[PDB]
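Visitor:
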Amino acid sequence: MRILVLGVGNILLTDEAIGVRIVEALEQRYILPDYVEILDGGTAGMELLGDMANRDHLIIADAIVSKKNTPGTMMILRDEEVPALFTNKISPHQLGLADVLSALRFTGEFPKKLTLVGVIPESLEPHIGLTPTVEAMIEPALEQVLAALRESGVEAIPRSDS
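Residues in the sequence shown are numbered consecutively from 9, following my numbering.
1. By alpha-carbon positions, which one of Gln152, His101, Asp70, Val90 ends up nearest to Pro119?
2. Would you kindly check if the distance between the Cβ of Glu45 and the Cβ of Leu12 is under 8 Å?
3. Please state the DSSP three-state secondary structure of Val73.
4. Measure the Cβ-Cβ separation of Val127 and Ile26 and say whether it is below 8 Å.
5. Hey, quick one: how far does the beta strand (DSSP E) through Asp48 stretch, first residue to last?
6. Where in the stretch 61 to 105 do unbroken runs of the alpha helix (DSSP H), each at least 4 residues long, occur, reported from the N-terminal end onward?
7. So, with DSSP's three-state summary, where would you put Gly17?
8. Name the two residues that bound the continuous alpha helix (DSSP H) containing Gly27.
9. Please go through the same chain and pick out, in chain order, the residues whose beta-carbon is closer than 8 Å to the beta-carbon of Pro148, but skip the five residues on each side of it.
10. Cutting at 7 Å between CB atoms, please list the residues of its own chain near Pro134, excluding the five before and the five after it.
11. Secondary structure at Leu132, three-state DSSP: helix, strand or coil?
12. Kindly identify the DSSP beta-bridge partner or partners of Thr123.
13. Whose C-beta lies closer than 7 Å to the C-beta of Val142 among residues of the same chain, with five residues either side of it excluded?
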(Lines of atoms letter the chains of each structure in order from A and count residues from 1; the text may use other names and numbers.)
(Lines give C-alpha, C1' and ligand atoms only; values in the text may rest on other atoms or scores of the structure.)
Protein backbone atom coordinates (compact mmCIF):
# COMPACT_ATOMS: atom_id res chain seq x y z
CA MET A 1 0.00 0.00 0.00
CA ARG A 2 0.83 3.71 -0.38
CA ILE A 3 -2.14 6.09 -0.16
CA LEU A 4 -2.87 9.76 -0.68
CA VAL A 5 -6.07 11.41 0.48
CA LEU A 6 -6.19 14.64 -1.53
CA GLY A 7 -8.54 17.52 -0.79
CA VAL A 8 -9.22 19.85 -3.75
CA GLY A 9 -11.55 22.72 -4.72
CA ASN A 10 -11.55 26.52 -4.36
CA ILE A 11 -10.97 27.67 -0.76
CA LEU A 12 -12.82 30.94 -1.74
CA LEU A 13 -16.07 29.76 -3.45
CA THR A 14 -18.22 28.74 -0.47
CA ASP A 15 -19.02 25.00 -0.80
CA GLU A 16 -16.09 24.40 -3.20
CA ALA A 17 -13.89 24.34 -0.05
CA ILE A 18 -15.60 20.99 0.91
CA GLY A 19 -12.95 18.74 -0.68
CA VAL A 20 -10.26 20.55 1.33
CA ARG A 21 -12.40 20.61 4.54
CA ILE A 22 -12.79 16.82 4.33
CA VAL A 23 -8.99 16.25 4.53
CA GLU A 24 -8.44 18.95 7.22
CA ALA A 25 -11.21 17.33 9.31
CA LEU A 26 -9.72 13.83 8.73
CA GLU A 27 -6.25 14.92 10.02
CA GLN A 28 -7.81 16.47 13.15
CA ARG A 29 -10.00 13.42 13.98
CA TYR A 30 -8.15 10.27 12.81
CA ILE A 31 -4.62 9.01 13.14
CA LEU A 32 -3.66 7.00 10.03
CA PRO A 33 -0.98 4.36 9.46
CA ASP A 34 2.26 5.92 8.07
CA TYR A 35 1.54 5.11 4.41
CA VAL A 36 -1.57 7.45 4.20
CA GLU A 37 -0.62 11.08 3.53
CA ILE A 38 -3.50 13.55 3.90
CA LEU A 39 -2.69 16.53 1.66
CA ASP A 40 -4.44 19.81 0.89
CA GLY A 41 -4.17 20.80 -2.81
CA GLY A 42 -5.81 24.28 -2.26
CA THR A 43 -7.00 25.73 -5.63
CA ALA A 44 -4.33 23.70 -7.57
CA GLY A 45 -6.14 21.31 -9.91
CA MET A 46 -3.42 21.12 -12.61
CA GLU A 47 -0.37 21.30 -10.28
CA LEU A 48 -1.25 17.84 -8.86
CA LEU A 49 -0.01 16.19 -12.15
CA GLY A 50 3.06 14.97 -10.25
CA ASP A 51 1.45 14.37 -6.82
CA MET A 52 -1.43 12.13 -7.94
CA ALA A 53 1.12 9.99 -9.88
CA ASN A 54 2.59 6.63 -8.80
CA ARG A 55 0.30 6.41 -5.69
CA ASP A 56 -1.20 2.91 -5.28
CA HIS A 57 -4.65 4.07 -4.15
CA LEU A 58 -5.75 7.72 -4.28
CA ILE A 59 -8.92 9.03 -2.63
CA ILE A 60 -9.78 12.45 -4.08
CA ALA A 61 -12.37 14.59 -2.22
CA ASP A 62 -13.76 17.48 -4.34
CA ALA A 63 -16.77 19.61 -5.31
CA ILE A 64 -18.57 18.17 -8.39
CA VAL A 65 -20.12 21.67 -8.92
CA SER A 66 -22.83 20.38 -11.38
CA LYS A 67 -25.33 17.75 -12.42
CA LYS A 68 -29.17 17.69 -12.60
CA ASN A 69 -29.24 16.46 -8.95
CA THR A 70 -30.10 17.98 -5.54
CA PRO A 71 -27.71 20.32 -3.58
CA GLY A 72 -25.51 18.70 -0.89
CA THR A 73 -25.97 15.19 -2.38
CA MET A 74 -22.92 12.86 -2.40
CA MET A 75 -21.69 10.92 -5.43
CA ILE A 76 -19.01 8.24 -5.36
CA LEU A 77 -17.24 7.57 -8.66
CA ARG A 78 -14.61 4.84 -9.16
CA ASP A 79 -11.54 4.80 -11.39
CA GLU A 80 -13.02 4.84 -14.95
CA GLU A 81 -15.95 7.16 -14.03
CA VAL A 82 -13.78 9.93 -12.47
CA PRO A 83 -12.06 11.35 -15.66
CA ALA A 84 -15.45 11.09 -17.41
CA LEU A 85 -17.20 13.06 -14.61
CA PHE A 86 -14.53 15.80 -14.70
CA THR A 87 -15.07 16.42 -18.46
CA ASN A 88 -17.79 18.82 -17.10
CA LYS A 89 -16.83 22.28 -18.43
CA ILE A 90 -18.84 24.03 -15.67
CA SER A 91 -16.36 22.77 -12.99
CA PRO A 92 -13.23 24.99 -13.44
CA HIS A 93 -10.42 23.37 -11.38
CA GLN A 94 -12.01 20.00 -12.14
CA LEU A 95 -11.36 20.59 -15.90
CA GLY A 96 -7.63 20.81 -14.98
CA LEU A 97 -8.12 17.77 -12.71
CA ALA A 98 -9.43 16.05 -15.89
CA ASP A 99 -6.15 16.94 -17.67
CA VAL A 100 -4.19 15.63 -14.65
CA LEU A 101 -6.16 12.36 -15.17
CA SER A 102 -5.27 12.67 -18.89
CA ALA A 103 -1.55 13.25 -18.06
CA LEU A 104 -1.47 10.39 -15.49
CA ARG A 105 -2.90 8.14 -18.19
CA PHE A 106 -0.32 9.62 -20.64
CA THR A 107 2.59 8.62 -18.34
CA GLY A 108 0.91 5.39 -17.19
CA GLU A 109 1.60 6.50 -13.55
CA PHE A 110 -2.18 6.40 -12.95
CA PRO A 111 -3.12 4.61 -9.61
CA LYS A 112 -4.26 0.99 -9.14
CA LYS A 113 -7.50 2.33 -7.59
CA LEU A 114 -8.57 5.95 -8.05
CA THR A 115 -11.69 6.81 -5.99
CA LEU A 116 -13.57 10.18 -5.73
CA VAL A 117 -15.73 11.10 -2.70
CA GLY A 118 -17.37 14.06 -4.48
CA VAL A 119 -19.96 16.54 -3.18
CA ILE A 120 -22.64 18.74 -4.83
CA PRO A 121 -22.47 22.43 -3.59
CA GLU A 122 -25.40 24.80 -2.75
CA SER A 123 -24.34 28.48 -3.29
CA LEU A 124 -20.78 28.30 -4.74
CA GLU A 125 -20.29 32.13 -4.46
CA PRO A 126 -17.12 34.26 -3.67
CA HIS A 127 -17.21 34.10 0.16
CA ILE A 128 -15.84 31.41 2.56
CA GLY A 129 -17.61 28.75 4.61
CA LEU A 130 -19.68 25.83 3.53
CA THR A 131 -23.40 26.38 3.34
CA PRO A 132 -25.09 24.53 6.28
CA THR A 133 -26.19 22.05 3.55
CA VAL A 134 -22.51 21.17 2.87
CA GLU A 135 -21.00 21.66 6.37
CA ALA A 136 -23.18 18.63 7.16
CA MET A 137 -21.52 16.84 4.19
CA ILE A 138 -18.09 16.82 5.91
CA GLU A 139 -18.92 13.71 7.99
CA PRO A 140 -20.76 11.53 5.37
CA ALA A 141 -17.67 12.21 3.23
CA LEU A 142 -15.37 11.29 6.18
CA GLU A 143 -17.36 8.00 6.42
CA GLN A 144 -16.78 7.46 2.65
CA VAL A 145 -13.04 8.32 2.74
CA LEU A 146 -12.94 5.86 5.72
CA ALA A 147 -14.97 3.31 3.70
CA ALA A 148 -12.63 3.76 0.69
CA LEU A 149 -9.62 3.19 3.03
CA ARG A 150 -11.39 0.05 4.34
CA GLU A 151 -11.72 -1.25 0.71
CA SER A 152 -7.95 -1.95 1.10
CA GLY A 153 -8.38 -3.15 4.74
CA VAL A 154 -6.82 0.10 6.07
CA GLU A 155 -8.47 0.78 9.43
CA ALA A 156 -7.94 4.34 10.78
CA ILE A 157 -8.09 5.26 14.48
CA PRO A 158 -10.22 8.12 15.94
CA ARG A 159 -7.47 10.32 17.57
CA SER A 160 -5.76 7.06 18.77
CA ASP A 161 -8.29 7.63 21.59
CA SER A 162 -10.01 4.40 22.65
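Backbone N, C-alpha and C define an ideal beta-carbon position, used for all residues, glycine too.
Guide: So, from the listed chains and residues:
1. Along the sequence shown, read from residue 1 onward, the residue named residue 119 stands at position 111. Nearest of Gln152, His101, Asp70, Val90 to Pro119, Cα basis: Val90.
2. As a working note, residue 12 is residue 4 in the sequence shown. As a working note, residue 45 is residue 37 in the sequence shown. Taking 8 Å as the Cβ cut-off, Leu12 and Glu45 qualify as a contacting pair.
3. Indexing the sequence shown from 1 puts residue 73 at position 65. DSSP places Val73 in coil when its eight states are reduced to three.
4. For this step, residue 127 is matched to residue 119 along the sequence shown. For this step, residue 26 is matched to residue 18 along the sequence shown. A contact, by the Cβ cut-off of 8 Å.
5. Here the question's residue 48 lines up with position 40 in the sequence shown. That run of the beta strand (DSSP E) goes 44 to 48.
6. 89 to 93
7. Here the question's residue 17 lines up with position 9 in the sequence shown. Of the three classes helix, strand and coil, the one that applies to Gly17 here is coil, per DSSP.
8. Here the question's residue 27 lines up with position 19 in the sequence shown. Here the alpha helix (DSSP H) through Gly27 covers 26 to 35.
9. As a first step, residue 148 must be located in the sequence shown, where it is residue number 140. Taken in chain order, the residues that qualify are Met82.
10. Position 126 of the sequence shown, counted from the first residue, corresponds to residue 134. The answer, listed in chain order, is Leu20, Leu21.
11. Stepping through the sequence shown from its first residue, residue 132 is reached at position 124. Shown here, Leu132 sits in coil according to DSSP, grouped into three states, outside any helix or strand.
12. By one-based count along the sequence shown, residue 123 stands at place 115. Bridge partners of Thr123: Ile67, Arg86.
13. As a first step, residue 142 is located in the sequence shown; it is residue number 134 there, counting from the start. Only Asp23, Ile26, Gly80, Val127, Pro129, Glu130 meet the Cβ criterion.
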